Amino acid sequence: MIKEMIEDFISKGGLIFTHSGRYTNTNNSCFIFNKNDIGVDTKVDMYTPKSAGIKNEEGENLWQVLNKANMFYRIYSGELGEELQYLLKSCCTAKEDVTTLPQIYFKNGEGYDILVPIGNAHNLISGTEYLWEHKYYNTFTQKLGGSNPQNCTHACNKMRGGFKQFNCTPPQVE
């Protein structure tokens, strides 16, 4: 069932991540998986070249399946058991890439850190679903991945309608 999905995913160079710099630049290949971030409703994103992934008859590819019925937590925790685990976590692996990303200094005591900001898959995927369900429209919509999102991430490849952003316009002195 799920195995052939993951099987075919590991076949291609498949990565599961919670954070990525792709969201800010389609050529960046930074992918990070924050293990503490994972919970019952944690939405995740994935990458294969050309966003492949076999399409189980139900019509769904692995990204769709993993994010439907909290299927990622279930599998990642163990109500699935060894087999449909550890090789799910075989792809939850990092990939450092700084190119095209910003570098900022952020004060820290006497001294500074330098931070390379990358974006969060859950806030994009789950965020957009949540503002959709609750009829919240004080937003901008942003389509990611360029024309050709299928080569950016799996969520970009399927959420072609775009991701919701908070409209942070302030009030004006009239």
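From 1 onward, residues are counted along the sequence shown.
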Seminar exercise, completed: Averaging the C-alpha temperature factors as deposited, the higher value of 137 to 145 versus 45 to 53 falls on 45 to 53
Exercise. As stated in the PDB record, which stretch has the larger average Cα B-factor, 94 to 102 or 81 to 89?
Worked result: 81 to 89
Exercise. So among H122, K68, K35, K107, who wins on Cα B-factor in the entry?
Worked result: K68
Exercise. Whose CA atom has the top B-factor in the entry, of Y23, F166, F17, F9?
Worked result: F9
For this session: Tell me, lowest, middle or highest third: where does the Cα B factor of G127 rank within its chain?
Result: lowest
Seminar exercise, completed: Quick tally, chain-level thirds of C-alpha B-factors: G59 sits in the highest
